[PDB]
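# Coordinate inspection notes
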Amino acid sequence: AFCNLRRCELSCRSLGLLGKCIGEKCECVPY
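Residues numbered from 1 in each chain as written, not as in the entry; some residues may be left out. Heavy atoms only, no water.

### Looking at the pattern of salt bridges
Under the defined criterion, the tally for this structure stands at one salt bridge. Of the charged contacts, one joins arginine 6 and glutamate 9 as a salt bridge, the two residues approaching to 3.1 Å between their closest N and O atoms. Here the residue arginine 6 and the residue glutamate 9 both occupy positions in helix 1 (residues 5-13), the gap between them amounting to three residues, near one helical turn. Classification of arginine 6 by relative accessible area gives exposed; the value is 52%. (Salt bridge = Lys/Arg side-chain N within 4 Å of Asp/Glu carboxyl O. Helix = DSSP H or I, 4+ residues; strand = E, 2+ residues; numbered from the N terminus. Buried < 20%, exposed > 50% of the residue type's maximum accessible area, 1.4 Å probe, protein only.)

As structure tokens, then:
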């Protein structure tokens, strides 16, 4: 099913950065 963006954000929040949905998948923003 389509990517949960809010779940991806919280999963990146563990490290201290936000999340991006990238095709059924999740990556984070180390800017």
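This is not the end of the story, as more comes after the structure.
### Focus: the UniProt feature "disulfide bond" in the protein chain
For the UniProt disulfide linking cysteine 3 and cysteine 21, the S-S separation comes out at 2.0 Å, below the 2.5 Å cut-off, so the bridge is there in this model. Linking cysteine 3 in the segment before helix 1 with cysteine 21 in strand 1 (residues 19-21), this pair joins segments that are 18 residues apart in sequence. Given a relative accessible area of 26%, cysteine 3 falls into the partly exposed group. On the basis of relative accessibility, which here comes to 28%, the residue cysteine 21 falls in the partly exposed class. Here the bond UniProt gives for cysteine 8 and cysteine 26 holds up, since the two sulfurs are only 2.0 Å apart. A residue pair is termed long-range when its members are at least 10 positions apart, and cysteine 8 in helix 1 and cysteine 26 in strand 2 (residues 26-28) qualify at 18 residues. In this structure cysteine 26 comes out as partly exposed when scored by relative accessible area, which is 38%. (Disulfide = S-S within 2.5 Å. UniProt positions renumbered as here; feature names shortened; annotations may be inferred.)

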